[PDB]
Amino acid sequence: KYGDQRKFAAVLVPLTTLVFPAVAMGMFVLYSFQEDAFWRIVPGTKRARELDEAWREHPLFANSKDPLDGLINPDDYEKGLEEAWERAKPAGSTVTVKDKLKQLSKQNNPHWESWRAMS
Amino acid sequence: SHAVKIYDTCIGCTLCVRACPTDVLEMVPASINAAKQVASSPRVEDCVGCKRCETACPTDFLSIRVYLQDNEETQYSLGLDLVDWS
Amino acid sequence: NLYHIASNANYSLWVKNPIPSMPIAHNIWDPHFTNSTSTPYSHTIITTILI
Amino acid sequence: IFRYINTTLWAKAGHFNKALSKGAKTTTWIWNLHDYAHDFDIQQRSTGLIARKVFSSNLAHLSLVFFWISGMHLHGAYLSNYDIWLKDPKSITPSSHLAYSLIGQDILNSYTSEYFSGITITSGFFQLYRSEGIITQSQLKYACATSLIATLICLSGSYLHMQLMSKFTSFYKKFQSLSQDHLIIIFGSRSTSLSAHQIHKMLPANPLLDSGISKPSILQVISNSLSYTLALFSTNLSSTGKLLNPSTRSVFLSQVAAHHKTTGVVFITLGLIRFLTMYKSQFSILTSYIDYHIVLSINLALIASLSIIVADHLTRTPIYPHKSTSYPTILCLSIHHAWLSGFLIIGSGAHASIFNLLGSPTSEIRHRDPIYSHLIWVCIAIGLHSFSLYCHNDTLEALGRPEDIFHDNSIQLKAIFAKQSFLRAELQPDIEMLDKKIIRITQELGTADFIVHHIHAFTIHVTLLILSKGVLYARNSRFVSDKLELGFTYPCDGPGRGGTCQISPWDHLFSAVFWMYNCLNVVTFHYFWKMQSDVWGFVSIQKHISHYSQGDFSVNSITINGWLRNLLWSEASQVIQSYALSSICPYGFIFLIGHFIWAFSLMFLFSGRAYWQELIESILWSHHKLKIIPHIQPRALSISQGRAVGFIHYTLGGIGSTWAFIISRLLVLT
Amino acid sequence: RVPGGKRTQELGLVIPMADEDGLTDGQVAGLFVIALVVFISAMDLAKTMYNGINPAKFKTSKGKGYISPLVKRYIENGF
Amino acid sequence: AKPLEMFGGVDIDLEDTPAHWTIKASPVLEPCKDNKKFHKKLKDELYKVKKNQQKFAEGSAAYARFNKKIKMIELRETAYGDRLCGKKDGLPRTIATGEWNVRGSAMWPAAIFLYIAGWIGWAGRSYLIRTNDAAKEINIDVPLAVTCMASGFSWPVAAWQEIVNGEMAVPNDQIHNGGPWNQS
Amino acid sequence: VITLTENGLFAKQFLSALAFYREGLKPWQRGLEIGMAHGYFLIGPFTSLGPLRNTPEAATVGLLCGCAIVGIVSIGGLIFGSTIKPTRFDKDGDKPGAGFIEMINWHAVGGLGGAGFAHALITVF
Ligand code: CLA
Ligand SMILES: CC1=C(/C=C/C(C)=C/C=C/C(C)=C/C=C/C=C(C)/C=C/C=C(C)/C=C/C2=C(C)CCCC2(C)C)C(C)(C)CCC1
Ligand SMILES: CC1=C(C/C=C(\C)CCC[C@H](C)CCC[C@H](C)CCCC(C)C)C(=O)c2ccccc2C1=O
Ligand code: SF4
Ligand code: SF4
Ligand code: SF4
């Protein structure tokens, strides 16, 4: 008969539109209370820290987060910058290149990514 | 927690400090303006984000800028009353 | 789509007389319908279908 | 005294507010100038000026209402077919409103009489005139003249009181005096005056017309001189309202005159009682509510409630002659007062919020969380119950299971208290009819009436939730702890704390207007469908009734699809197919315009002002390119103004859509 | 069937139904086997995408990695 | 080979001559005075208005106003006779090909509107230039305003003379370009 | 802020004497009592005005639906006890949330029992 496929429907439709959705919702609310929940979008999860440290352990990605990464010979760059600043230093100015860069790198933003203290 | 940054264009109005409803901002001595003072945000963990400080700032573009971070909200940045997160 | 055309449909009959005939998307299995009488989507006792 | 009434401030726009004294630097200045125009509280000078402004503005508005009445009277005397309507009201549609023959607008005037073409008015002024014994054109001339004189008098009084009242003025604060004189002299001593007017001019006249002498021997009998007719000439014993006048299809005017006399007596006796009655409990209310905004809110709520009582009592408690058969007039008189009830209730809520922010609130604001929380729960309960009975009926009817739906022929929800509410009317076991038209038959309340009444209750409760939440959470909240310093109307407190948009009481009114509109659109539709289906309609000589909607309500209004099909689609055929049809062309056009305006409101409702500000700046670039610099700098509308414009256009467009839809259909059917 | 719409009634459009079964139960089971294979593989892929790449595998995993000889050419051919 | 059936109803000119570039040679259109749909539509208008007229009294003012309306309708029928209408609608068409010499052409209204709109814009711009103040925009200097309004008639020449002489436009480096998109 | 309906003597003693709060009750006893109440009540809305309200049985269907509702709310309670883990019913030195889980399991048992008892009363009487 044209029916006889409803034997499959009477099991599949209740299953996949009631049992599977209910199990999925229960599993989702259970997953919501894991410490790993939404670790890719929610800040301050343990797995995020472990993944970042794992990336940092790779020899290629050691100095990857540094915005100044790339200077093949930073000593040459610093020496050239110091020489160029010496010829342009205003009168009896007492600022050197080294401490100027050191104090231009050190800013005061305590409340930046402070969420790296729980997980 | 949000991010409240103070820029050099500050002229020491103190209006931003007075407008803050949770004592996030404060006045610190400085030497970059005739008022010899600039604002500071030492307690942005209490910054709800009302942006009243930005409303009160009279510089051409705000010397104080509040950057909203919604995936960062804490109980203080949300103003939770019925519920404690501590 | 290919399965439901193969199983819960009438491709073998629509191909013969396509102009006045109507194809079937898939069967309707919904326990909320009337367990009595016949729905307007079925030829009396036959199963329920969608165009 | 009056030497200070100078025109020097007419050119100086924005003088009244000290925030506008800096000059029109931006276009926001214009909108602020219009917004603060009537806000006498925040305007410059002392409190005495506030009282002077309020009282004189009240007088000026009263003069405006008198001018409107005078215009209606002159239209009735010189631009109307009121003569032939008097001679034959059952065959002539009222019309005191013509249209000039320009741009083909001549197509709007329609045949109302063999000698008159015009727009059928549905204000019911002709029935009012007939109930006011107005027969000759001279009477309408003198009514218009008296109304114009009243307009001039009230205008002059408003002009005078701006300088008669002074810093020492205190007559407005004497609330005992106001209440006593108002009550006695107006509600008592003017109700008996109108009873005198009726006894001496209506009963001498309206029985003469009902006696078939529309001639009335011209002035030989109509012009009073009929002291041989007796005051209670045709009371016919019975009880007032049980037996209607068979000729005019209304309550006998002798009974109305007796009602006014007795109500005046009752009001005078209540004024005498108020010398010693129950007090010392409303006394906290007495001392804490002496302020402009609180009394304004109280009066607005009271007047709106009276308006809804008028709306429900003007339709099936017929007082006016030849008015019950005039179905468009009945429909308009119900629905207009319904809308005014909703609007003035919303205004009462707004001014309650304003009073809370200006004055000091009362004890009920301290347990505001239980109040506005059980209100939330009840709103959710009756929304998830009333509406869903419609959703349940709809789903099970679509599934083909009509025996499982909530209907009379199915699981039935009997209106137990209404079915046991035969107390009202308590008329004899039949109907009343005048001329092929049903005057009133008792509305047999069933399941659909139960469900729609619960829908009404739910919508009312949600609107009240919005209003009371705005009122109680005006000063402060767990969300923002200094809402008092933010003022009455503000866009927000900022994107902080997750977002603080629309916390002000003004925004609570903004939402409450939408919810009131949604509340009484259902009221309008319930009335418009129920009356057509179960009350109004033709008749058969064999006592059979053929209504206009053929009893669609009890069988279709149980499902939302029934409302969509049998009300908004089938009964919209008159308005939609109204082009080139003489009477109803403007109604079809206004239907289209109402749709346009309603959709236009959504641009203001859905969008924020920052996008429009940036677009305006982009355009201002092109203007500055060609040396076209507007020194009143173009600024986009403020957030509150954007919301206000959106709400106004939304309500106006929707009201116009319903207005056209109901009026065109009732004009075609009649 | 109870038709709706003007055209179906005024043209006599009908929807034929096969009196046979279509697919036998064996064919449906054969399709369900491969559907289950897809399902298992998709769950595995979802797990791998959720956890992402593990860079620290070179400290614990065996082998020494491999770059295919064409991948090297693609590296040094440019970008 | 019958282009009407080939293209599903629409017909093609199939002729390449300059004499067919005018709108009057289109086979879609037809002069209104010899179009059946035009006759039927205006006859129906006359019939409906006349049927409305008979409903009233003979000596009433409404009867006279309906007679005037009937005369207006017949005048409209005879006035649109030379206007082109489609061979299937009967509704006269508006020509937007720049013909300049056909009934219902859009060139004359376009010219008139462009002149008066440039007049309005020029008067407003002149007033704004001569009143470089916000106080003069809320309290209009009416004598100067009407002076500019009257002076705006020569806009098509004065505006061009300002365009070529560098007195209308302003270099982009003198007005606010817009929001910054970069700095770092 | 003390009100009559929550802080009056009757209100306090009524809330304290509920199965959830009654002193001296083992967690399974609270679960059993609450479940009996819920299971007995939940049969009615289905066996009457249900899809099979007019069938000759019309009550076994209601029994099955009530048991299903009891099971669903018991599953929800198990989710709550495995996620929030209330510890107000746990005895000293036990797995956290064990008291709540026992209460929920015995609520499921009591719901089954109350549903069956209501069905038995309906069929017999
Ligand atoms: C007796 C009635 C009454 C009175 C005396 C007042 C008085 C006042 N209201 Mg108020 N109000 C009322 C009814 C009333 N209202 C009602 C019924 C509502 C509900 C909608 C409100 C809602 C309301 C709000 C939300 C606010 C006020 C405010 C105010 C104050 C300043 C108003 C002002 O300057 O506006 C100036 C007048 C206007 C801007 C009028 C513009 C026209 C309106 C907005 C559009 C109407 C469209 C029109 C009907 C359709 C056009 C026809 C179309 C075909 C073209 C003042 C104390 C404001 C305030 O600050 O209070 C202290 C304020 O924020 N009221
Ligand atoms: C309406 C009313 C009310 C309410 C009431 C109520 C709320 C009731 C409830 C009731 C109920 C709710 C009841 C219940 C009951 C229950 C029961 C009675 C049960 C029993 C059970 C049993 C007995 C079981 C047993 C068992 C078990 C345990 C297990 C195993 C199996 C068996 C079966 C053995 C009020 C007061 C408010 C007011 C007015 C009136
Ligand atoms: C469109 C829009 C604007 C821009 C709209 C403005 C500035 C309206 C002012 C334009 C002129 C001044 C209105 C004057 C009236 C019209 C020119 C004509 C109306 C009547 C015609 C039918 C003739 C906002 O400023 C805004 C602000 C906040 C939320 C939403 C919106 C918003 O949706
Ligand atoms: S308001 Fe702005 S300018 Fe003034 S002190 Fe604060 S940050 Fe500086
Ligand atoms: S956003 Fe509000 S709370 Fe935060 S610093 Fe500014 S004023 Fe203070
Ligand atoms: S979106 Fe608008 S209303 Fe909401 S917080 Fe921002 S400025 Fe305020």
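Because the Cβ atoms are built from the backbone with ideal geometry, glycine has one as well, and the counts that use them run over all protein chains shown. Values in this text are rule-based calculations from the coordinates and carry no lab data.
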In terms of modelled amide H atoms, which long-range or inter-chain residues lie less than 5 Å from the amide H of residue B:64? B:7
To the nearest 20 debye, chain F has a Cα-centred charge dipole, built from +1 on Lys and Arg Cβ and -1 on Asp and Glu Cβ, of 1580
Got a sec? Which residues in the stretch D:344-384 would a label at residue D:285 touch, if it sits 7 Å along Cα→Cβ and we count backbone N under 14 Å? D:362-364
Could you run the Karplus curve 6.51 cos²θ - 1.76 cosθ + 1.60 with θ = phi - 60° over the stretch F:23-39 and give me ³J(HN,Hα) per residue in whole Hz, x for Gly and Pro? 5, 5, 8, 5, x, 5, 8, 6, x, 5, 6, 10, 10, 5, 5, 4, 4
Quick one: order E:66, E:74, D:172 by neighbouring beta-carbon count within 10 Å, fewest to most. E:66, E:74, D:172
Those chymotrypsin sites (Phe, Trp or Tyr not before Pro) from the stretch D:279-336 that are DSSP loop and have at most 14 other Cβ neighbours within 10 Å turn out to be D:279
Please list 3J(HN,Hα) in residue order for the stretch A:101-109, calculated via the Karplus relation 6.51 cos²θ - 1.76 cosθ + 1.60 where θ = phi - 60°; whole Hz, with x for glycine and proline. 5, 4, 7, 7, 7, 8, 9, 10, 10
Compute the long axis of helix F:142-151 from its Cα atoms, compare it with the longest principal axis of the Cα atoms of chain F, and write down the angle in degrees, 0 to 90, nearest 10. 60
FRET efficiency, residue D:409 to residue D:313 (Cβ-Cβ, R0 35 Å, nearest 0.05): 0.60
Let's test the formula: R0 of 60 Å, r as the Cβ-Cβ distance of residue A:96 and residue F:164. What FRET efficiency results, to the nearest 0.05? 0.50
Between residue G:87 and residue E:49, the FRET efficiency computed from the C-beta separation at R0 = 51 Å comes out, to the nearest 0.05, as 0.85
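Only counting other Cβ atoms within 10 Å, I'd like D:147, A:105 sorted with the fewest neighbours first.
Starting with the residue having the fewest Cβ neighbours, the order is A:105, D:147.
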Using only Cα atoms and rounding to the nearest 10 degrees, what angle (0 to 90) does helix G:98-124 make with the longest principal axis of chain G? 30
Within straight cross-link reach of residue D:141, meaning Cα distance under 18 Å, which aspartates and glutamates are found once same-chain residues fewer than 8 apart are removed? D:83, D:132
Rounding to the nearest 20 debye, state how big the charge dipole of chain D is about its Cα centre with +1 on each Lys and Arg Cβ and -1 on each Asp and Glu Cβ. 1980
Using DSSP, restrict attention to beta bridges with both residues in the protein assembly as shown and report what percent are antiparallel, rounded to the nearest 5. 80
Looking at the stretch F:57-146, which chymotrypsin sites (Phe, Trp or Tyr not before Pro) are in a loop (DSSP not H, G, I, E or B) and have at most 14 other Cβ atoms within 10 Å? F:100
Each residue of the stretch D:91-104 in order: what ³J(HN,Hα) in whole Hz does its phi give by Karplus 6.51 cos²θ - 1.76 cosθ + 1.60, θ = phi - 60°, with x for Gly and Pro? 10, 10, 7, x, 7, 10, 8, 9, 10, 5, 7, 10, 6, x
State, to one decimal in nm, how far the label point of residue F:60 lies from the label point of residue A:24, with both points 7 Å from Cα in the Cβ direction. 7.1
According to a simple spin-label model (label point 7 Å from Cα along Cα-to-Cβ), what is the distance in nm between residue D:607 and residue F:71? 5.0
When a/c is below 1.5 the answer is rounded, else prolate if a/b is larger than b/c, else oblate, so apply that to the stretch D:209-274 with a ≥ b ≥ c taken from the square roots of the Cα gyration tensor eigenvalues. oblate
The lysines whose Cα lies under 29 Å from the Cα of residue G:12, excluding any fewer than 8 residues away in the same chain, are G:26, G:85, G:91
Using only DSSP helix segments of four residues or longer, with each worth -39500 (n - 2.57), what per-residue ellipticity at 222 nm results for the protein assembly as shown after dividing by its residue count and rounding to 500? -16000 deg cm²/dmol
Along the Cα-to-C-beta direction of residue D:426, a point sits 7 Å from the Cα; which residues of the stretch D:195-237 have their amide N less than 17 Å from that point? D:237
Run the reach check for residue E:64 against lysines, Cα to Cα strictly under 19 Å, same-chain hits fewer than 8 apart removed. What comes back? E:72
With helices defined as uninterrupted DSSP H runs, which ones in chain D have an alpha carbon span along their own long axis of at least 20 Å and mean Kyte-Doolittle hydropathy of at least -1.0? D:47-78, D:137-164, D:253-273, D:292-313, D:327-358, D:368-398, D:447-472, D:505-534, D:585-606, D:609-625, D:639-669
In nm, spacing of pseudo-spin labels at residue G:6 and residue F:78 (7 Å Cα→C-beta vector): 8.9
Return D:541, F:129, D:30 ranked ascending by Cβ neighbour count within 10 Å, so the fewest neighbours appear first. D:541, F:129, D:30
Taking a virtual spin label 7 Å from the Cα of residue D:378 along the C-beta vector, which residues in the stretch D:460-478 bring their backbone nitrogen under 15 Å of it? D:460-469
For the protein assembly as shown, whose charge dipole is built from +1 on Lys and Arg Cβ atoms and -1 on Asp and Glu Cβ atoms, the candidate among D:560, D:33, C:49 with its Cα farthest towards the positive end is D:33
